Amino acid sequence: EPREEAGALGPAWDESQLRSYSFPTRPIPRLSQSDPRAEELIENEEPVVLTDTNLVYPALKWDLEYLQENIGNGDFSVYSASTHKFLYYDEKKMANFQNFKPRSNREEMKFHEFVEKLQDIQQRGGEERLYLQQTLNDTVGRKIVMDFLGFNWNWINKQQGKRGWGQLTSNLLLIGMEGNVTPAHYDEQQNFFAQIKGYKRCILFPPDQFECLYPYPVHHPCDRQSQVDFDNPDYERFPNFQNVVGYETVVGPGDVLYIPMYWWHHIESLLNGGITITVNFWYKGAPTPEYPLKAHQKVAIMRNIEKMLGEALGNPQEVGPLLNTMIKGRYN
């Protein structure tokens, strides 16, 4: 049930703002950072929404005007799409899959250009959609630097230390239009996902649902993303998607969602909820040291077999036929 905003400002959102899908879900726990149960969940690599970390407290005042004024003159990657779905793709892998035609295009622009573009669409009632996705770097201006330094490093540094994680590799700034969707995928880093403006519905699936989510081949540009179109699932090609069960939550300003490494996640900015802003914190996982093997360890194994086969065969497109030759009439 949608939470009530403090001061009787009513429900933060309602059901009609959520897209409709074919599978059931259960709630991700929302807990205080001081609650032992929260620590237990993170330690066990299970998702949890933390409501009071103050992780990005200083960023809570951020909006397009403040960011335009203060984030510098560096380039920002902005994706443009004709659909609500911003399927991630790795440009470096496009050469090996000449027939992949991306539904979104990346354009590099200045922040004020992004803002102007957003304005032109609104005014001209356009259907175009934008999604800025840019790692925070040294070109940000003074006030942003001050804000960033005011993040709760004390709390997150202890988390990093407590879980044996590796280094912070980056902080991705995500600014999306209402209705934008990042289709289901998994990332190979640990993630504290800090919501700043607007609301995003996050649907997560544990690594043991690999068989239901059908990620692209490792050498395909959409490596790590699900092949299933959540809006029109093809059960003939992906029969186990009929067995998928998600963990879901809606995060708003001040909330931090822990998205454990290898956990699938689908993220959508609420319909009619205005623009959203998020900053993530990506950390490399702990070191690979016992049986029985965890699901995510089997996923790592599968990725490695795919990688080695591609290298040994000298052409990634030969991977499938060899794998098929290996299993038919022998293991299937």
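Superpose the two forms; the largest set of C-alphas matching within 1.5 Å is the rigid core. Each residue number is its position in the shown sequence, starting from 1.
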{"item": "Greater Cα displacement in 9 other deposited structures of this protein once the core is superposed, comparing 96 to 104 with 219 to 227", "value": "96 to 104"}
{"item": "Length class of the unmodelled deposited segment, which would lie between residue 289 and residue 290", "value": "1 to 3"}
{"item": "Higher-B stretch (mean Cα B-factor, as the entry records it), 140 to 148 or 98 to 106", "value": "98 to 106"}
{"item": "Which of 290 to 298 and 61 to 69 has higher mean CA B factor, as the PDB entry lists it", "value": "290 to 298"}
{"item": "Selection by C-alpha B-factor (highest) of 254, 221, 126, 206", "value": "126"}
{"item": "Deposited CA B-factor, highest of 34, 276, 51, 280", "value": "34"}
{"item": "Record-listed C-alpha B factor of residue 153: chain third", "value": "lowest"}
{"item": "Residue 237 by Cα B-factor - lowest, middle or highest third of the modelled chain", "value": "middle"}
{"item": "Third of the chain's Cα B-factor distribution that residue 120 belongs to, per the entry", "value": "highest"}
{"item": "Where the record places residue 271 (Cα B-factor, split into thirds across the chain)", "value": "middle"}
{"item": "Assigned third (lowest, middle, highest) for the C-alpha B factor of residue 305", "value": "lowest"}
